[PDB]
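Presented as structure tokens, the chain that follows is alone, the form deposited without the partner chain.
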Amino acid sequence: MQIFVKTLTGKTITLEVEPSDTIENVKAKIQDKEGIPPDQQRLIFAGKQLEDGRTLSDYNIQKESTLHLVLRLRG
């Protein structure tokens, strides 16, 4: 299935994914297109922060769902 990600530029990318992909899997896909490392990625869906160990199905993220990418800086 396809989901969309609102990137740090404000544009929208399309990701090919499976219901059981982890948030970590999605972050790896995002780095390939945008050049942001997973550690600096925070993903938002329906106003909620997504945890690396959980899957798209866990959050009931269906096809054409839109995730928001937000920069995570520490220190």
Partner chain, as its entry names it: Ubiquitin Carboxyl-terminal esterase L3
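Heads up, when I say rigid core I mean the largest set of C-alphas that superpose within 1.5 Å between the two forms. Positions refer to the first chain, counted from 1.
Keep in mind the form deposited with the partner chain bound is missing from the figure; the text below concerns it.
Superposition on the rigid core between the shown form and the other one places the CA atom of residue 20 less than 2 Å from its counterpart. Superposed on the core, the two forms barely differ at residue 70: its CA moves less than 2 Å between the shown form and the other one. After superposing the rigid core, the C-alpha of residue 9 moves by 2 Å or more between the shown form and the other one.
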